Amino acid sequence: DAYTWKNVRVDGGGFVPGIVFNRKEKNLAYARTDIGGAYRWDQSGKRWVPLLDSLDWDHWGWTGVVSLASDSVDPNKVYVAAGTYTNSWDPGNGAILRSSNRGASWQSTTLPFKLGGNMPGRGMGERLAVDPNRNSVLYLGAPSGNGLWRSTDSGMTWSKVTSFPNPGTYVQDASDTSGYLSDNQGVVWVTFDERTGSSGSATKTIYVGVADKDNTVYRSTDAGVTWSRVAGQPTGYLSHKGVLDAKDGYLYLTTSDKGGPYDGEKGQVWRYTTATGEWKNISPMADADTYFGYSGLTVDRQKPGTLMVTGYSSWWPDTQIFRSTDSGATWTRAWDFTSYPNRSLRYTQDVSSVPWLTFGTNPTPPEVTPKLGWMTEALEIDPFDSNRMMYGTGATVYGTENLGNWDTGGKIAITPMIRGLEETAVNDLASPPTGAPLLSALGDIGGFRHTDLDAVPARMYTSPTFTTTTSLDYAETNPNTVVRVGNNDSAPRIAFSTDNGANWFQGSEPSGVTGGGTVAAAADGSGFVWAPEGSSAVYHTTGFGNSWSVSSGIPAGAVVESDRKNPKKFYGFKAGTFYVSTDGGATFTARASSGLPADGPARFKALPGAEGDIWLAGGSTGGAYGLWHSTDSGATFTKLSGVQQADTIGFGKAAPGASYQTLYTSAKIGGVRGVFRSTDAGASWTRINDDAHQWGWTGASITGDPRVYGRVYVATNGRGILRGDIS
């Protein structure tokens, strides 16, 4: 069987830090994400096309894209700087990935240091740049003290620019012992002045942005041999972007007192006249009235004099977008306070195509839902259409096709431009045997009852809303009964449904909960077992969580699951020990542990229709790793000898003429990392994905479909919910 892969339709759901239009070819554009690769625009379908799905389990870190560059001399060429963390969370050095067919296939060169696609500062840029006159020359701004790097053979080999004098100084929080907030944000954008080269000869003037409040912009005038700070530059702020209007000879800088993308409490906008050296402060608001940093910097290539910026970190009442048609001499805004706190709008916004973007809230005026945006580091005017612009938020990409209405005193029309760009971190998936085909547990946007896998759901889970759902379950014998738990600053962190997840209601909470953990539903829907994060025990309830008691004999934070057939049977796993209860979760006892994985994560599930039939996947290179099977309710497990490592396990409808339900697993088998299917209860396996469809780390969740043979739902970490079917 050949397989066809598509997303379950959600559209967006995470941060898009950068958008890039090609300057040579109309309608050529890309987007970069921090954990989910990169995308090419499809103008015909008004949708985004993922380009980095080939990156495998062992190269998951390359799915973080800190910068992207699209060659103006040869628009077939595109380059990405790949790598996710510079601390111990990402074991792999970063890389430059190069393609000569607009992202259809890639080659890599590994750098001798790590890159920061999901680090602080990731909305500054673009820090990877191609010479617009001799396009075999590239530059890369590097983090952590590594400075400025260069290639002169179209990105195949890289070496340090030793003559660059300042590797950056800025650190968000030096005290963070995890290394996440404590890295030097380094060299953050690179911009050529294309007027200073000619075809085949290196561009002589190069501007470089540095995360150093005392020296945020450097220049070379001799094609990168020597460097100097730009004289008279403003100090006290970090330049998130540097953009050059070459027709008028203006270099623009949007600066902030923080690195972003979340923080930023002051900032400025400056204009540097390249011919004379003059600096002008063109900030849209007075400093006393500024409570955010600036970024979102873009010039209209077809109408020099026109530019826009954002107050990227304005959290209330909304983000702010600013526009000038006179090179920063005067500005107008997407909205204005009239009689404080009431507001005037210069735009309308229609999210009927992605209805869940209201987040189910009812905010107090002057706030509205959906918001104009937030975290708007990326804002771009189409170089070939003055009436189109796109910008990124923490949840979506918004755009307009009548931007000129702004200049004639009308209102611009904003809509999501996000279809195909699937960014969610998926924690858990369920495909019950009746009702909707899928229920999702997602970071940041909660999750959905998917009534139609090919349509965006109307609304995330509400009443209560969860920031993130960590685990969900349903009653095997009545899938109208559903439970979920998740993360929230305050109670409630558990919710139930009696109508298959269409409408919810909260429960009460046991002691000390700080987050979702895992949850399990009795097979008949009569009660539940909750292993929350933070709390000092596991708890069980009869009915909908009105009264909780401690589950004795199982440790806090175990993974909990329910038997599918015996309502009184529940299971737990933690740290190499399997736990069983036969009284609804009131008491557990330690059963098997012999040979079960003691180190690393695990996933396990009981089989629909079979009491005591349990499959468990997990472990790590620190100890045992693989797939185990018990048919005696966890008294003994057998390790499957031909599965070298495994991380997830799930089930779907039996094959025609098969004794047993079909198994699906994210695993390593016969030396190959991939997604595998068995129709003979794990005696043999067939790989059902392929080297173009890998999606990095898929260790969170997998399930088949009880009603559709062959179908598999694969959780990803930043590419949404992937759906495979037999072709």
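All residue numbers refer to positions in the sequence shown, first residue = 1.
**Q** Quick check on the record: does 301 to 309 or 439 to 447 carry the larger mean Cα temperature factor?
**A** If you average the C-alpha B-factors of 439 to 447 and of 301 to 309, the larger mean comes out for 301 to 309.
**Q** Mean C-alpha B-factor higher for 326 to 334, or for 73 to 81?
**A** Averaging CA B-factors over each stretch, the winner is 326 to 334.
**Q** Which of these has the highest Cα B-factor in the record: 319, 152, 547, 255?
**A** Across 319, 152, 547, 255, the entry lists the biggest C-alpha B-factor for 319.
**Q** Highest CA temperature factor in the entry: which of 97, 643, 288, 124?
**A** Of 97, 643, 288, 124, 288 has the highest C-alpha B-factor.
**Q** Is residue 170 in the lowest, middle or highest third of its chain when residues are ranked by C-alpha B-factor?
**A** Within its chain, residue 170 is a middle-third residue by C-alpha B-factor, going by the deposited values.
**Q** Per the entry's values, where does residue 682 land by CA temperature factor relative to the rest of its chain, in the lowest, middle or highest third?
**A** Top third by C-alpha B-factor.
**Q** C-alpha B factor of residue 13, ranked within the chain: lowest, middle or highest third?
**A** For residue 13, whose C-alpha B-factor we compare with every modelled residue in the chain, the answer is the middle third.
**Q** Comparing against every modelled residue in the chain, figure out the third that the C-alpha B-factor of residue 695 lands in (lowest, middle or highest).
**A** Ranked within chain, residue 695 CA B lands in the middle tercile.
**Q** Within this chain, which third does the Cα B-factor at residue 61 fall in: lowest, middle or highest?
**A** As the PDB entry reports it, the C-alpha B-factor of residue 61 lands in the lowest third of its chain.
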